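Here's entry39.cif, which has mmCIF, N, CA and C atoms and all ligand atoms:
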```cif
data_data
loop_
_atom_site.label_atom_id
_atom_site.label_comp_id
_atom_site.auth_asym_id
_atom_site.auth_seq_id
_atom_site.Cartn_x
_atom_site.Cartn_y
_atom_site.Cartn_z
N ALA A 3 29.19 -25.87 19.68
CA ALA A 3 29.26 -24.45 19.22
C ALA A 3 28.53 -24.34 17.87
N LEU A 4 28.70 -25.36 17.02
CA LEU A 4 28.00 -25.41 15.73
C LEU A 4 26.51 -25.16 15.82
N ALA A 5 25.86 -25.74 16.83
CA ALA A 5 24.45 -25.44 17.11
C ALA A 5 24.29 -23.90 17.32
N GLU A 6 25.15 -23.33 18.17
CA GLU A 6 25.17 -21.90 18.44
C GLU A 6 25.39 -21.03 17.18
N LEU A 7 26.30 -21.43 16.30
CA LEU A 7 26.56 -20.67 15.07
C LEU A 7 25.27 -20.63 14.25
N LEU A 8 24.61 -21.77 14.28
CA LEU A 8 23.39 -21.95 13.54
C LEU A 8 22.33 -20.98 14.02
N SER A 9 22.09 -20.92 15.33
CA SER A 9 21.12 -19.96 15.87
C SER A 9 21.45 -18.59 15.35
N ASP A 10 22.67 -18.17 15.64
CA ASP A 10 23.11 -16.89 15.16
C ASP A 10 22.71 -16.74 13.67
N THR A 11 23.19 -17.65 12.83
CA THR A 11 22.86 -17.50 11.44
C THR A 11 21.32 -17.49 11.21
N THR A 12 20.58 -18.29 11.97
CA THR A 12 19.14 -18.39 11.73
C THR A 12 18.50 -17.08 12.13
N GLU A 13 19.00 -16.50 13.21
CA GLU A 13 18.41 -15.26 13.70
C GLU A 13 18.67 -14.28 12.61
N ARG A 14 19.91 -14.30 12.12
CA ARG A 14 20.30 -13.40 11.03
C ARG A 14 19.37 -13.53 9.82
N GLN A 15 19.11 -14.73 9.35
CA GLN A 15 18.36 -14.75 8.10
C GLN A 15 16.97 -14.28 8.40
N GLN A 16 16.47 -14.59 9.59
CA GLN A 16 15.13 -14.21 9.91
C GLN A 16 15.00 -12.69 9.99
N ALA A 17 16.06 -12.01 10.40
CA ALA A 17 16.01 -10.54 10.30
C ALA A 17 15.81 -10.00 8.85
N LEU A 18 16.67 -10.41 7.93
CA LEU A 18 16.70 -9.93 6.56
C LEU A 18 15.49 -10.38 5.77
N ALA A 19 14.98 -11.54 6.11
CA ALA A 19 13.93 -12.15 5.34
C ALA A 19 12.66 -11.38 5.63
N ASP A 20 12.64 -10.81 6.81
CA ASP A 20 11.50 -10.08 7.28
C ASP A 20 11.51 -8.62 6.83
N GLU A 21 12.69 -8.03 6.75
CA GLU A 21 12.82 -6.71 6.15
C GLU A 21 12.58 -6.81 4.61
N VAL A 22 13.15 -7.83 3.98
CA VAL A 22 12.87 -8.04 2.59
C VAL A 22 11.37 -8.40 2.43
N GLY A 23 10.88 -9.30 3.29
CA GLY A 23 9.53 -9.79 3.19
C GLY A 23 8.52 -8.64 3.24
N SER A 24 8.78 -7.70 4.15
CA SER A 24 7.87 -6.59 4.38
C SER A 24 7.91 -5.62 3.19
N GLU A 25 9.09 -5.42 2.61
CA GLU A 25 9.19 -4.59 1.40
C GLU A 25 8.37 -5.21 0.20
N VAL A 26 8.30 -6.54 0.17
CA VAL A 26 7.70 -7.26 -0.93
C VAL A 26 6.20 -7.22 -0.82
N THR A 27 5.71 -7.57 0.32
CA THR A 27 4.33 -7.59 0.59
C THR A 27 3.74 -6.15 0.53
N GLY A 28 4.55 -5.16 0.91
CA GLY A 28 4.18 -3.77 0.87
C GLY A 28 4.02 -3.35 -0.56
N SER A 29 4.97 -3.73 -1.38
CA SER A 29 4.98 -3.38 -2.72
C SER A 29 3.81 -4.09 -3.48
N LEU A 30 3.58 -5.35 -3.19
CA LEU A 30 2.46 -6.03 -3.85
C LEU A 30 1.05 -5.55 -3.38
N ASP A 31 0.89 -5.22 -2.11
CA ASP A 31 -0.36 -4.73 -1.58
C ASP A 31 -0.62 -3.35 -2.18
N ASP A 32 0.44 -2.57 -2.35
CA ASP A 32 0.34 -1.28 -3.02
C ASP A 32 -0.15 -1.46 -4.47
N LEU A 33 0.44 -2.42 -5.17
CA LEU A 33 0.01 -2.72 -6.53
C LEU A 33 -1.48 -3.09 -6.53
N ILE A 34 -1.92 -3.95 -5.63
CA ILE A 34 -3.32 -4.33 -5.63
C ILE A 34 -4.18 -3.09 -5.45
N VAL A 35 -3.78 -2.30 -4.48
CA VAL A 35 -4.56 -1.13 -4.16
C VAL A 35 -4.59 -0.18 -5.37
N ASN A 36 -3.46 0.04 -6.02
CA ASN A 36 -3.46 0.96 -7.15
C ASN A 36 -4.32 0.42 -8.30
N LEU A 37 -4.21 -0.88 -8.54
CA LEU A 37 -4.96 -1.47 -9.71
C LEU A 37 -6.45 -1.44 -9.48
N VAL A 38 -6.86 -1.72 -8.24
CA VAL A 38 -8.27 -1.66 -7.84
C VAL A 38 -8.73 -0.21 -7.90
N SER A 39 -7.89 0.72 -7.51
CA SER A 39 -8.30 2.11 -7.54
C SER A 39 -8.57 2.54 -8.99
N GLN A 40 -7.75 2.08 -9.91
CA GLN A 40 -7.94 2.45 -11.28
C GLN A 40 -9.19 1.92 -11.85
N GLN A 41 -9.58 0.76 -11.40
CA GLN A 41 -10.84 0.26 -11.85
C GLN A 41 -12.14 0.79 -11.18
N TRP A 42 -11.97 1.37 -10.02
CA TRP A 42 -13.11 1.70 -9.19
C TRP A 42 -14.02 2.75 -9.81
N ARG A 43 -15.29 2.47 -9.70
CA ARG A 43 -16.35 3.39 -10.16
C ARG A 43 -17.11 3.78 -8.90
N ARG A 44 -16.85 4.99 -8.43
CA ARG A 44 -17.37 5.34 -7.12
C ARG A 44 -18.86 5.49 -7.08
N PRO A 45 -19.54 4.96 -6.07
CA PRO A 45 -20.98 5.19 -5.94
C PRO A 45 -21.27 6.45 -5.16
N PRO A 46 -22.47 7.02 -5.34
CA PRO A 46 -22.82 8.31 -4.69
C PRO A 46 -22.73 8.25 -3.20
N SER A 47 -22.86 7.08 -2.60
CA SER A 47 -22.86 7.00 -1.14
C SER A 47 -21.48 6.90 -0.50
N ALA A 48 -20.42 6.77 -1.30
CA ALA A 48 -19.11 6.68 -0.75
C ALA A 48 -18.73 7.88 0.04
N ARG A 49 -18.08 7.66 1.17
CA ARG A 49 -17.62 8.79 1.99
C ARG A 49 -16.24 8.51 2.58
N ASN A 50 -15.46 9.55 2.78
CA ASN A 50 -14.25 9.45 3.61
C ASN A 50 -14.58 8.82 4.97
N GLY A 51 -13.71 7.94 5.44
CA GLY A 51 -13.94 7.35 6.75
C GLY A 51 -14.43 5.93 6.67
N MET A 52 -14.91 5.54 5.49
CA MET A 52 -15.37 4.17 5.31
C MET A 52 -14.20 3.22 5.02
N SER A 53 -14.41 1.92 5.35
CA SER A 53 -13.45 0.87 5.09
C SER A 53 -14.15 -0.40 4.77
N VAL A 54 -13.79 -1.07 3.68
CA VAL A 54 -14.31 -2.39 3.42
C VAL A 54 -13.17 -3.38 3.28
N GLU A 55 -13.26 -4.52 3.96
CA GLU A 55 -12.28 -5.59 3.75
C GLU A 55 -12.84 -6.59 2.71
N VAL A 56 -12.03 -6.89 1.72
CA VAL A 56 -12.38 -7.78 0.66
C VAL A 56 -11.43 -8.93 0.61
N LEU A 57 -11.97 -10.14 0.48
CA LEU A 57 -11.15 -11.35 0.26
C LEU A 57 -11.07 -11.57 -1.19
N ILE A 58 -9.83 -11.46 -1.61
CA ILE A 58 -9.36 -11.63 -2.94
C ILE A 58 -8.76 -13.04 -3.11
N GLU A 59 -9.26 -13.73 -4.12
CA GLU A 59 -8.77 -15.10 -4.48
C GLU A 59 -8.07 -15.06 -5.83
N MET A 60 -6.85 -15.58 -5.87
CA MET A 60 -6.00 -15.61 -7.03
C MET A 60 -5.38 -16.99 -7.31
N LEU A 61 -5.00 -17.18 -8.57
CA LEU A 61 -4.16 -18.31 -8.97
C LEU A 61 -2.77 -17.85 -9.01
N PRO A 62 -1.81 -18.77 -8.96
CA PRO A 62 -0.42 -18.39 -9.01
C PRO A 62 -0.05 -17.59 -10.25
N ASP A 63 -0.75 -17.73 -11.36
CA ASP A 63 -0.38 -16.91 -12.52
C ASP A 63 -0.90 -15.44 -12.40
N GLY A 64 -1.63 -15.16 -11.30
CA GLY A 64 -2.14 -13.80 -11.03
C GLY A 64 -3.57 -13.55 -11.40
N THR A 65 -4.24 -14.52 -12.04
CA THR A 65 -5.63 -14.39 -12.34
C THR A 65 -6.46 -14.33 -11.09
N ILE A 66 -7.34 -13.35 -11.04
CA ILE A 66 -8.23 -13.19 -9.92
C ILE A 66 -9.45 -14.07 -10.17
N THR A 67 -9.80 -14.97 -9.28
CA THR A 67 -10.97 -15.81 -9.48
C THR A 67 -12.12 -15.51 -8.61
N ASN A 68 -11.98 -14.66 -7.58
CA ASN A 68 -13.15 -14.36 -6.82
C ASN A 68 -12.78 -13.14 -5.93
N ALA A 69 -13.80 -12.46 -5.46
CA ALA A 69 -13.66 -11.35 -4.51
C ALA A 69 -14.98 -11.29 -3.79
N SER A 70 -14.89 -11.16 -2.49
CA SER A 70 -16.06 -11.03 -1.69
C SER A 70 -15.77 -10.16 -0.45
N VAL A 71 -16.82 -9.65 0.13
CA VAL A 71 -16.72 -8.81 1.33
C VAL A 71 -16.39 -9.69 2.51
N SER A 72 -15.27 -9.41 3.15
CA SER A 72 -14.94 -10.09 4.42
C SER A 72 -15.39 -9.25 5.63
N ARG A 73 -15.35 -7.91 5.55
CA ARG A 73 -15.95 -7.06 6.60
C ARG A 73 -16.55 -5.89 5.91
N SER A 74 -17.84 -5.76 6.05
CA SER A 74 -18.58 -4.71 5.40
C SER A 74 -18.21 -3.34 5.91
N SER A 75 -18.27 -2.34 5.01
CA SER A 75 -18.17 -0.94 5.39
C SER A 75 -19.39 -0.38 6.12
N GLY A 76 -20.48 -1.12 6.04
CA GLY A 76 -21.77 -0.62 6.50
C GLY A 76 -22.59 0.04 5.37
N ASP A 77 -21.97 0.23 4.19
CA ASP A 77 -22.66 0.81 3.04
C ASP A 77 -22.56 -0.17 1.91
N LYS A 78 -23.67 -0.77 1.56
CA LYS A 78 -23.62 -1.85 0.59
C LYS A 78 -23.15 -1.42 -0.83
N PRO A 79 -23.54 -0.25 -1.34
CA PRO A 79 -23.02 0.16 -2.63
C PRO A 79 -21.50 0.36 -2.65
N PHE A 80 -20.92 0.94 -1.61
CA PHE A 80 -19.44 0.99 -1.58
C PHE A 80 -18.85 -0.37 -1.53
N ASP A 81 -19.38 -1.24 -0.68
CA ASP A 81 -18.90 -2.60 -0.66
C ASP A 81 -18.92 -3.26 -2.06
N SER A 82 -20.05 -3.15 -2.73
CA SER A 82 -20.20 -3.77 -4.02
C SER A 82 -19.24 -3.12 -5.01
N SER A 83 -19.03 -1.83 -4.90
CA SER A 83 -18.09 -1.14 -5.83
C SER A 83 -16.64 -1.58 -5.66
N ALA A 84 -16.26 -1.92 -4.45
CA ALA A 84 -14.95 -2.49 -4.24
C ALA A 84 -14.76 -3.90 -4.77
N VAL A 85 -15.74 -4.75 -4.55
CA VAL A 85 -15.73 -6.10 -5.09
C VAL A 85 -15.68 -6.05 -6.63
N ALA A 86 -16.48 -5.19 -7.24
CA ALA A 86 -16.48 -5.11 -8.72
C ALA A 86 -15.17 -4.62 -9.24
N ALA A 87 -14.57 -3.66 -8.52
CA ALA A 87 -13.31 -3.12 -8.94
C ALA A 87 -12.22 -4.20 -8.87
N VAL A 88 -12.23 -5.01 -7.81
CA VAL A 88 -11.26 -6.05 -7.72
C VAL A 88 -11.39 -6.97 -8.97
N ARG A 89 -12.60 -7.50 -9.13
CA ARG A 89 -12.83 -8.45 -10.29
C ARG A 89 -12.39 -7.82 -11.64
N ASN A 90 -12.63 -6.53 -11.81
CA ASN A 90 -12.30 -5.88 -12.99
C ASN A 90 -10.79 -5.73 -13.24
N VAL A 91 -9.97 -5.88 -12.22
CA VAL A 91 -8.57 -5.78 -12.44
C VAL A 91 -8.14 -6.97 -13.29
N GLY A 92 -8.82 -8.10 -13.09
CA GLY A 92 -8.66 -9.26 -13.98
C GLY A 92 -7.53 -10.21 -13.60
N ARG A 93 -6.34 -9.63 -13.59
CA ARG A 93 -5.07 -10.32 -13.32
C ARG A 93 -3.95 -9.46 -12.80
N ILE A 94 -3.11 -10.06 -11.99
CA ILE A 94 -1.95 -9.43 -11.44
C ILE A 94 -0.76 -10.36 -11.67
N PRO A 95 -0.24 -10.45 -12.92
CA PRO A 95 0.86 -11.40 -13.27
C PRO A 95 2.16 -11.16 -12.45
N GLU A 96 2.21 -9.96 -11.87
CA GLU A 96 3.25 -9.61 -10.92
C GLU A 96 3.32 -10.64 -9.84
N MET A 97 2.23 -11.36 -9.55
CA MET A 97 2.34 -12.32 -8.54
C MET A 97 3.28 -13.42 -8.92
N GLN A 98 3.63 -13.53 -10.18
CA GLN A 98 4.43 -14.70 -10.59
C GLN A 98 5.85 -14.56 -10.09
N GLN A 99 6.18 -13.44 -9.49
CA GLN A 99 7.51 -13.18 -8.95
C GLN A 99 7.75 -13.82 -7.61
N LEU A 100 6.69 -14.31 -7.00
CA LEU A 100 6.79 -14.96 -5.74
C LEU A 100 7.13 -16.46 -5.92
N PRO A 101 7.95 -17.01 -5.03
CA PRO A 101 8.08 -18.45 -4.91
C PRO A 101 6.73 -18.94 -4.57
N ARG A 102 6.44 -20.14 -5.01
CA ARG A 102 5.16 -20.67 -4.88
C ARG A 102 4.71 -20.83 -3.47
N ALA A 103 5.62 -21.13 -2.53
CA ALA A 103 5.12 -21.34 -1.19
C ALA A 103 4.69 -20.01 -0.61
N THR A 104 5.38 -18.96 -0.99
CA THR A 104 5.01 -17.64 -0.49
C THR A 104 3.65 -17.25 -1.08
N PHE A 105 3.48 -17.42 -2.38
CA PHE A 105 2.15 -17.24 -2.97
C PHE A 105 1.05 -17.93 -2.24
N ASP A 106 1.22 -19.22 -2.06
CA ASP A 106 0.20 -20.01 -1.46
C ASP A 106 -0.11 -19.55 -0.04
N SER A 107 0.90 -19.05 0.64
CA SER A 107 0.70 -18.74 2.02
C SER A 107 -0.02 -17.38 2.15
N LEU A 108 0.35 -16.45 1.28
CA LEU A 108 -0.05 -15.09 1.43
C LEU A 108 -1.02 -14.49 0.43
N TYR A 109 -1.03 -15.01 -0.79
CA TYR A 109 -1.72 -14.32 -1.89
C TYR A 109 -2.72 -15.11 -2.60
N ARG A 110 -2.74 -16.42 -2.37
CA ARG A 110 -3.83 -17.19 -2.88
C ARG A 110 -5.19 -16.77 -2.36
N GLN A 111 -5.25 -16.39 -1.09
CA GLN A 111 -6.46 -15.86 -0.54
C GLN A 111 -5.90 -14.69 0.26
N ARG A 112 -6.26 -13.46 -0.06
CA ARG A 112 -5.66 -12.32 0.67
C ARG A 112 -6.76 -11.31 1.02
N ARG A 113 -6.82 -10.82 2.26
CA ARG A 113 -7.81 -9.81 2.63
C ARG A 113 -7.19 -8.46 2.59
N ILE A 114 -7.75 -7.57 1.79
CA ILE A 114 -7.21 -6.19 1.67
C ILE A 114 -8.32 -5.20 2.07
N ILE A 115 -7.96 -4.16 2.80
CA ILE A 115 -8.89 -3.15 3.20
C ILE A 115 -8.84 -2.06 2.20
N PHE A 116 -9.99 -1.69 1.72
CA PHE A 116 -10.14 -0.56 0.82
C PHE A 116 -10.90 0.59 1.42
N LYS A 117 -10.49 1.83 1.14
CA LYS A 117 -11.16 3.06 1.61
C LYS A 117 -11.45 3.93 0.40
N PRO A 118 -12.57 4.59 0.38
CA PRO A 118 -12.90 5.46 -0.77
C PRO A 118 -11.83 6.49 -1.00
N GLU A 119 -11.27 7.08 0.07
CA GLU A 119 -10.34 8.16 -0.15
C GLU A 119 -9.02 7.62 -0.77
N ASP A 120 -8.61 6.40 -0.41
CA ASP A 120 -7.42 5.85 -0.99
C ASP A 120 -7.65 5.37 -2.42
N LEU A 121 -8.81 4.81 -2.67
CA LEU A 121 -9.15 4.48 -4.04
C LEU A 121 -9.20 5.73 -4.94
N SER A 122 -9.73 6.82 -4.41
CA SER A 122 -9.78 8.10 -5.18
C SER A 122 -8.36 8.65 -5.37
N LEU A 123 -7.55 8.58 -4.29
CA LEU A 123 -6.15 9.02 -4.36
C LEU A 123 -5.44 8.35 -5.54
N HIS A 124 -5.63 7.05 -5.71
CA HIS A 124 -4.90 6.31 -6.72
C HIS A 124 -5.68 6.01 -7.98
N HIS A 125 -6.80 6.66 -8.17
CA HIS A 125 -7.67 6.33 -9.30
C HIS A 125 -6.98 6.75 -10.62
N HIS A 126 -6.20 7.81 -10.70
CA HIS A 126 -5.47 7.98 -11.97
C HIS A 126 -4.39 7.00 -12.49
N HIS A 127 -4.31 6.94 -13.83
CA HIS A 127 -3.28 6.23 -14.58
C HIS A 127 -2.08 7.11 -14.87
N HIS A 128 -0.93 6.44 -14.90
CA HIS A 128 0.34 6.80 -15.61
C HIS A 128 1.62 6.47 -14.79
ZN ZN A 201 -8.65 13.69 -9.12
ZN ZN A 202 -12.44 8.32 -12.97
#
```

Written form, structure tokens:
Amino acid sequence: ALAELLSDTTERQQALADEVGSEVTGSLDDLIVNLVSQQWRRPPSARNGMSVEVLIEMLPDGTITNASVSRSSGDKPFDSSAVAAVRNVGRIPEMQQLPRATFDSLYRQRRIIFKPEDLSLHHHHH
């Protein structure tokens, strides 16, 4: 029965860890998006409907060490504007709130999709 109690408990933790997990990753992806939006300098060719995926590379202390296009929007100036915006954020020390294994698994190399309209939505400070 002890094996059985364990499953039950394991199923249980896997439920909560995933609801908590999703709130965390949601909150951190939101932070990335907002910080990149604040840095973004929109190019004349940007349009609603575009999407660029960028691979963001970080250290556990939150320093960003690289950003590159993982899937192009089809418009090279928008693509480049997203990569520059990422690099310009500089650091996300908020990452230090993660246990290291979670960092390493999810945020050391992370692909985020950026859209001009969402970057414009969040481009203000305060
Ligand atoms: Zn505005
Ligand atoms: Zn502005």

Quick one: pull the distance between atom N of residue 120 (chain A) and CA of residue 51 (chain A), Å, one decimal.
-> 9.0 Å

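Going from atom C of residue 85 (chain A) over to atom C of residue 28 (chain A), you cover 20.8 Å.
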
Just give me the gap between CA of residue 90 (chain A) and CA of residue 105 (chain A) in Å, one decimal is fine.
-> 20.9 Å

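Here the question is which of A:47, A:24, A:12, A:39 gets nearest to residue 123 (chain A) using only N, CA and C atoms, and that residue is A:39.
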
Could you please extract the residues within 7 Å of ligand ZN 202 (chain A), counting all atoms listed in the file, and hand them back as a PDB file with N, CA and C atoms, in the coordinates of the input?
```pdb
ATOM      1  N   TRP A  42     -11.970   1.370 -10.020  1.00  0.00           N
ATOM      2  CA  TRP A  42     -13.110   1.700  -9.190  1.00  0.00           C
ATOM      3  C   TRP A  42     -14.020   2.750  -9.810  1.00  0.00           C
ATOM      4  N   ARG A  43     -15.290   2.470  -9.700  1.00  0.00           N
ATOM      5  CA  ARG A  43     -16.350   3.390 -10.160  1.00  0.00           C
ATOM      6  C   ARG A  43     -17.110   3.780  -8.900  1.00  0.00           C
ATOM      7  N   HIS A 125      -6.800   6.660  -8.170  1.00  0.00           N
ATOM      8  CA  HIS A 125      -7.670   6.330  -9.300  1.00  0.00           C
ATOM      9  C   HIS A 125      -6.980   6.750 -10.620  1.00  0.00           C
ATOM     10  N   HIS A 126      -6.200   7.810 -10.700  1.00  0.00           N
ATOM     11  CA  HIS A 126      -5.470   7.980 -11.970  1.00  0.00           C
ATOM     12  C   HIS A 126      -4.390   7.000 -12.490  1.00  0.00           C
TER      13      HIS A 126
END
```

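Take the candidates A:93, A:14, A:73, A:110 and check each one against residue 60 (chain A) using only N, CA and C atoms; the shortest distance goes to A:110.
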
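With only C-alpha atoms and all ligand atoms as the atoms that count, the minimum distance from ligand ZN 201 (chain A) to the choices A:119, A:96, A:55, A:106 is reached by A:119.
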
Exercise: residue 37 (chain A) partners within 8 Å, only C-alpha atoms, chain neighbours under 4 positions left out, as a ChimeraX atom specification | /A:33,41,91

Could you put an axis-aligned box around every listed atom of region 77-82 of chain A, padded by 8 Å on each side, and send me its centre and edge lengths in Å to one decimal, as AutoDock Vina command-line options?
```
--center_x -21.3 --center_y -1.4 --center_z -0.4 --size_x 20.8 --size_y 20.8 --size_z 25.2
```

Per DSSP on the backbone, what are the strand (DSSP E or B) residues of chain A, as a VMD selection string?
-> chain A and resid 54 to 60 65 to 73 93 111 to 116

Write down as a ChimeraX atom specification the residues of chain A whose backbone DSSP state falls under alpha helix (DSSP H).
-> /A:4-41,78-91,102-108,118-123

Nearest candidate to residue 115 (chain A) (options A:9, A:32, A:38, A:56; using all atoms listed in the file) = A:56

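With distances taken over only N, CA and C atoms and all ligand atoms, A:122 is the one residue among A:94, A:70, A:127, A:122 lying closest to ligand ZN 201 (chain A).
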
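Closest to ligand ZN 201 (chain A) among A:16, A:27, A:111, A:40 is A:40, based on only C-alpha atoms and all ligand atoms.
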
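When the distance limit is 8 Å and only N, CA and C atoms are what count, the residues near residue 77 (chain A), minus those fewer than 5 positions from it on the same chain, are residues 47, 48, 52, 53, 82 and 83 of chain A.
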
Spatial neighbours of residue 46 (chain A), max dist 9 Å, only C-alpha atoms, sep filter under 2 positions, as a short mmCIF file (atom, residue, chain, number, x, y, z; two decimals) with N, CA and C atoms, in the frame of the given file:
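Dumped everything to selection-v3.cif:
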```cif
data_model
loop_
_atom_site.label_atom_id
_atom_site.label_comp_id
_atom_site.auth_asym_id
_atom_site.auth_seq_id
_atom_site.Cartn_x
_atom_site.Cartn_y
_atom_site.Cartn_z
N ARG A 44 -16.85 4.99 -8.43
CA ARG A 44 -17.37 5.34 -7.12
C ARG A 44 -18.86 5.49 -7.08
N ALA A 48 -20.42 6.77 -1.30
CA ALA A 48 -19.11 6.68 -0.75
C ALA A 48 -18.73 7.88 0.04
N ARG A 49 -18.08 7.66 1.17
CA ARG A 49 -17.62 8.79 1.99
C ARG A 49 -16.24 8.51 2.58
N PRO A 79 -23.54 -0.25 -1.34
CA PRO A 79 -23.02 0.16 -2.63
C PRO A 79 -21.50 0.36 -2.65
N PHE A 80 -20.92 0.94 -1.61
CA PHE A 80 -19.44 0.99 -1.58
C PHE A 80 -18.85 -0.37 -1.53
#
```

For residue 92 (chain A), list every protein, DNA or RNA residue within 6.5 Å, evaluated using all atoms listed in the file, and leave out those in the same chain fewer than 2 positions away; present the list as a PyMOL selection string.
-> chain A and resi 64-66+88-90+94

Any chance you could turn region 42-57 of chain A into a file with N, CA and C atoms, as a short mmCIF file (atom, residue, chain, number, x, y, z; two decimals), in the first residue's frame?
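Output (out_10.cif):
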```cif
data_model
loop_
_atom_site.label_atom_id
_atom_site.label_comp_id
_atom_site.auth_asym_id
_atom_site.auth_seq_id
_atom_site.Cartn_x
_atom_site.Cartn_y
_atom_site.Cartn_z
N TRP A 42 12.90 48.42 -26.65
CA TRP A 42 12.74 48.31 -28.09
C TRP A 42 12.66 49.66 -28.78
N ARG A 43 13.37 49.74 -29.88
CA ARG A 43 13.37 50.93 -30.75
C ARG A 43 12.79 50.45 -32.07
N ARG A 44 11.53 50.81 -32.30
CA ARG A 44 10.85 50.20 -33.43
C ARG A 44 11.37 50.65 -34.77
N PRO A 45 11.57 49.75 -35.72
CA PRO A 45 11.97 50.18 -37.06
C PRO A 45 10.76 50.47 -37.93
N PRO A 46 10.95 51.27 -38.98
CA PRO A 46 9.81 51.70 -39.85
C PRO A 46 9.08 50.55 -40.46
N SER A 47 9.73 49.41 -40.63
CA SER A 47 9.07 48.29 -41.30
C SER A 47 8.23 47.40 -40.39
N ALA A 48 8.26 47.62 -39.08
CA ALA A 48 7.49 46.82 -38.20
C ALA A 48 6.03 46.90 -38.47
N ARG A 49 5.35 45.76 -38.41
CA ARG A 49 3.90 45.75 -38.61
C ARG A 49 3.21 44.78 -37.65
N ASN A 50 1.99 45.08 -37.27
CA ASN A 50 1.13 44.10 -36.60
C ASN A 50 1.09 42.79 -37.40
N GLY A 51 1.13 41.66 -36.71
CA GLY A 51 1.04 40.39 -37.42
C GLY A 51 2.36 39.69 -37.52
N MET A 52 3.45 40.43 -37.31
CA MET A 52 4.77 39.82 -37.35
C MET A 52 5.12 39.14 -36.02
N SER A 53 6.02 38.13 -36.11
CA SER A 53 6.53 37.42 -34.96
C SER A 53 7.95 37.04 -35.16
N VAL A 54 8.82 37.32 -34.21
CA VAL A 54 10.18 36.81 -34.29
C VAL A 54 10.49 36.00 -33.04
N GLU A 55 11.06 34.80 -33.22
CA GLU A 55 11.54 34.03 -32.07
C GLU A 55 13.05 34.32 -31.87
N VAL A 56 13.40 34.64 -30.65
CA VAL A 56 14.75 34.94 -30.28
C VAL A 56 15.23 34.01 -29.21
N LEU A 57 16.44 33.49 -29.38
CA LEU A 57 17.10 32.68 -28.34
C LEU A 57 17.94 33.59 -27.54
#
```
